[PDB]
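The block underneath contains the structure these notes are about, expressed in structure tokens.
Note that these values count all heavy atoms, side chains included, but never hydrogens, waters or copies made by symmetry. Positions are given from 1 along the sequence.
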Amino acid sequence: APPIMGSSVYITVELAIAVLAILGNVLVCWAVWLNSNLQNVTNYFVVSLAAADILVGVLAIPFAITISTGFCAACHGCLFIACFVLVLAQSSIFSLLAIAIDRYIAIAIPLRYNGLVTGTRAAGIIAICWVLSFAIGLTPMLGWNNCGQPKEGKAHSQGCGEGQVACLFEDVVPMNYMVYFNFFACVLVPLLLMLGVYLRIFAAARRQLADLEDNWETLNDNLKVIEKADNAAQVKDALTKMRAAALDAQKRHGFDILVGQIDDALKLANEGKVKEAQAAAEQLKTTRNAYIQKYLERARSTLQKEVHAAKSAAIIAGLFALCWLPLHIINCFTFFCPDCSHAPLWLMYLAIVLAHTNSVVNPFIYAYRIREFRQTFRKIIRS
Ligand SMILES: CC(C)CCC[C@@H](C)[C@H]1CC[C@H]2[C@@H]3CC=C4C[C@@H](O)CC[C@]4(C)[C@H]3CC[C@]12C
Ligand SMILES: CC(C)CCC[C@@H](C)[C@H]1CC[C@H]2[C@@H]3CC=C4C[C@@H](O)CC[C@]4(C)[C@H]3CC[C@]12C
Ligand SMILES: CC(C)CCC[C@@H](C)[C@H]1CC[C@H]2[C@@H]3CC=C4C[C@@H](O)CC[C@]4(C)[C@H]3CC[C@]12C
Ligand SMILES: CCCCCCCC/C=C\CCCCCCCC(=O)OC[C@H](O)CO
Ligand SMILES: CCCc1cc2c(=O)c(-c3nc(C)cs3)coc2cc1OC(C)=O
Ligand SMILES: CCCCCCCC/C=C\CCCCCCCC(=O)O
Ligand code: NA
């Protein structure tokens, strides 16, 4: 069949994707700009990512449509049209990695997060990452290309002019660059690193939330030990342990009271007065009920929110991998298996479209998983 028919479907689909990528991502950018509760370091990378997606719609998609035609062009101009999407993908990878790291810093060392991760450091990092993205993505423009070996038969058949080639992705971009440099080195490795960071984030969270329960359990069991003791020494044992575990957990009024009360009881227990120390240890229950238990519930609630936010970020990264992998895998087959028939055109189109679809998905994930974005989206849309 005439190429314009299958080309028509592909183009239409690309155009639809472009519209959706632009709309959703402009909305993300708008939400961050308007809502000061969304203005934080994590979200600056979210905006960088959104910008990359906007550019997929504005530029990468129109470029992809263009290159699908195999139009006559100067080889280097053709390279730009072919590789610009790689710049966008690379930037996305950097943003994704930054978000994972940012969340790891928040969970591992929350006391030092604000002084370490600032808005100014973030903007500089974003700038650097875009520069690096251009370098990586446009590496073929620096000389790793097939412009030195033009397919002159193909160019002459299409009536191309001198110094021009039929602009086709696989004719100008070397597959070794695509597979070894782009896929393995610049996409695969960072994604694996991201996986590693997420694993550490979830482990740190799981460990902290066990530790909170342990401390609590230690306060309750040592209380019971004090109640059932027969001598001062047993009481002194259980309170010394308790004092250590009160401080660990406090590493304000309520904890001052708690430690003070343990000290009261300990002094009584060091004087041999068992019954008085036990009654004194009983007052600890009042401090636990109205102070310590509230600290435990808030600390646990803060951790769960961090796990929820980390899962939301991980999903985004997972989705990027899912959307891009098929295309990369196809490139691997093309490159590693020259005896294998090339993947059919329809599959190529499908793989490309899927890759482009990744630029649509983030706004939905934010809307469904993050309440503050969702509420802001509604307001923007309502207003
Ligand atoms: C990342 C997840 C979703 C897995 C996706 C795997 C996809 C990309 C895999 C699964 C089966 C694969 C195909 C298996 C057989 C062939 C025949 C060969 O002549 C060309 C490549 C081609 C057509 C492969 C292209 C890539 C392929 C379609
Ligand atoms: C953790 C995962 C997602 C990383 C990506 C796995 C990739 C690199 C793997 C998965 C399936 C693999 C392919 C499976 C089969 C063939 C056909 C063979 O004639 C050449 C290698 C080739 C083409 C492999 C290249 C590498 C490959 C594409
Ligand atoms: C999923 C992750 C861990 C990657 C898995 C990669 C696997 C599928 C890759 C790695 C090395 C690859 C093999 C390397 C060499 C050859 C010789 C070639 O004449 C036929 C394909 C064959 C036999 C490949 C089949 C696919 C292969 C086994
Ligand atoms: C030649 C054809 C291609 C050219 C196409 C134009 C080039 C677009 C490139 C980069 C824009 C990147 C924008 C990144 C926006 C993120 C900014 C941000 O997040 O702000 C942080 C905040 O200011 C902290 O206080
Ligand atoms: C079908 C339309 C033109 C075309 C495009 C590309 C393309 O954009 C990529 C890419 N890979 C990545 C990781 C980013 S972009 C790979 O192979 C292609 C092959 C193509 O044409 C073929 C199959 O011969
Ligand atoms: C914030 C946006 C940052 C953009 C900075 C641009 C950095 C450019 C760095 C490397 C890209 C090199 C591409 C070479 C183009 C060759 C063009 C030609 O053929 O003349
Ligand atoms: Na992206």
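Atom CD1 of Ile380 is separated from atom CG of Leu27 by 4.5 Å, given to the nearest 0.5 angstrom. Atom CG in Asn43 sits 10.5 Å away from atom CG in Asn37 (nearest 0.5 Å). Interatomic distance, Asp221 CG to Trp216 CH2, rounded to the nearest 0.5 Å: 11.5 Å. Expressed to the nearest 0.5 Å, how far CG of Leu38 lies from CD of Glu372 amounts to 5.0 Å. To the nearest 0.5 Å, the span separating CD1 on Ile315 from CD1 on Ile365 amounts to 6.0 Å. Here the NZ atom belonging to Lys224 is positioned 11.5 Å from the CG atom belonging to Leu219, to the nearest 0.5 angstrom.
Looking at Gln250 and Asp256, their side chains come closer than 4.5 Å, going by heavy atoms from C-beta outward. Between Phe94 and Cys186 the shortest side-chain heavy-atom distance does not fall below 4.5 Å. Proximity of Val46 to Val28: side-chain heavy atoms (C-beta onward) are separated by under 4.5 Å at one or more points. Side-chain contact between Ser359 and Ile17 is absent, with no heavy-atom pair separated by less than 4.5 Å. For the pair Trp324/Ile93, no side-chain contact is recorded, criterion being any heavy-atom separation below 4.5 Å from C-beta on. Side-chain contact between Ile201 and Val307: absent, with no pair of heavy atoms (C-beta onward) separated by less than 4.5 Å. Side-chain contact check for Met178 versus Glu170: every heavy-atom pair is 4.5 Å or farther apart. For the pair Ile105 and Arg112, the minimum side-chain heavy-atom distance is 4.5 Å or more.
The main-chain N or O of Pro140 is found under 3.5 Å from a side-chain atom of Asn145 such that the two form a donor-acceptor pair. Between the side chain of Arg374 and the backbone N or O of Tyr366 there is no donor-acceptor pair closer than 3.5 Å. Listed for the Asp214 side chain is no donor-acceptor partner under 3.5 Å among the backbone atoms of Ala210. Remark: side-chain polar atoms of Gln164 are paired, donor with acceptor, to backbone N or O of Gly161 under 3.5 angstrom. Formation of a donor-acceptor pair under 3.5 Å by the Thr302 side chain with backbone atoms of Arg298 is found in this model. Within the 3.5 Å criterion, the main-chain N or O of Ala290 finds a donor-acceptor partner in the side chain of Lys294. Under a 3.5 Å cut-off, the side chain of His308 and the backbone N or O of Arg369 do form a donor-acceptor pair. One N or O on the side chain of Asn231 and one on the backbone of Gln234 form a donor-acceptor pair closer than 3.5 Å. The backbone N or O of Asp237 sits less than 3.5 Å from a side-chain atom of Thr240, completing a donor-acceptor pair. Of the possible polar contacts, one joining the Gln39 side chain to the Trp33 backbone as a donor-acceptor pair under 3.5 Å is found.
Heavy atoms of other residues, nucleotides or ligands lying less than 6.0 angstrom from NE2 of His156 number more than 12. Annotation for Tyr291: atom OH does not count as buried by contact number, only 12 or fewer foreign heavy atoms lying within 6.0 Å. The number of heavy atoms from other shown groups lying within 6.0 Å of CZ (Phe364) does not exceed 12. Within a 6.0 Å sphere centred on CG of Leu142, heavy atoms belonging to other residues, nucleotides or ligands number more than 12.
At a threshold of 4.0 Å, the pair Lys236-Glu271 does not count as salt-bridged, since none of the basic side-chain nitrogens sits closer than that to a carboxylate oxygen.
Residues meeting the ring-ring contact (aromatic ring centres under 6.0 Å, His included) test with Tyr198, sequence neighbours left out: none.
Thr218 and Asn222 form no side-chain donor-acceptor contact under 3.5 Å, judged by distance and modelled atom types alone. For the residue pair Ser48/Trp130, the side-chain donor-acceptor check at 3.5 Å is satisfied.
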| request: Please report the C-alpha distance between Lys311 and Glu306 in whole Å, then the side-chain angles of each, then the deciding distance to 0.1 Å, and finally whether the salt bridge (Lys or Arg N to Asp or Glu O under 4.0 Å) criterion is met. | output: CA-CA 8 Å; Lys311 281 188 193 166; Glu306 278 185 274; over 6 Å; no
| task | Start with the C-alpha distance between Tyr295 and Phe255, add both sets of side-chain angles, then the distance that settles ring pair (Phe, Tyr, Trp, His ring centres under 6.0 Å), and finish with yes or no. | result | CA-CA 10 Å; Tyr295 174 74; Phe255 264 106; 5.7 Å; yes
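Ring geometry, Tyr177 versus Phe181: the interplanar angle falls under 30°, so the pair is classed parallel (tilted spans 30 to 60°). Using cut-offs of 30° and 60° for the angle between ring planes, the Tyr349 and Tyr10 rings count as parallel. Between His328 and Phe183, the ring planes lie parallel to each other; the angle is under 30°, not in the 30° to 60° tilted range.
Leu354 and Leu322 get closest at one heavy-atom pair: CD2-O, 4.0 Å. Contact detail for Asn25 and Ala21: the closest heavy-atom pair is ND2-O, 2.8 Å. Between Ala100 and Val197 the shortest heavy-atom distance is O-CG1, 3.4 Å.
Distance check for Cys160 and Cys72: the SG atoms are under the 2.5 Å cut-off. Sulfur-to-sulfur, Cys75 and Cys78 sit at least 2.5 Å apart at their SG atoms.
The side chain to side chain donor-acceptor pair (under 3.5 Å) contacts involving residues 67-90 comprise nothing, where partners must be two or more places apart or lie in separate chains.
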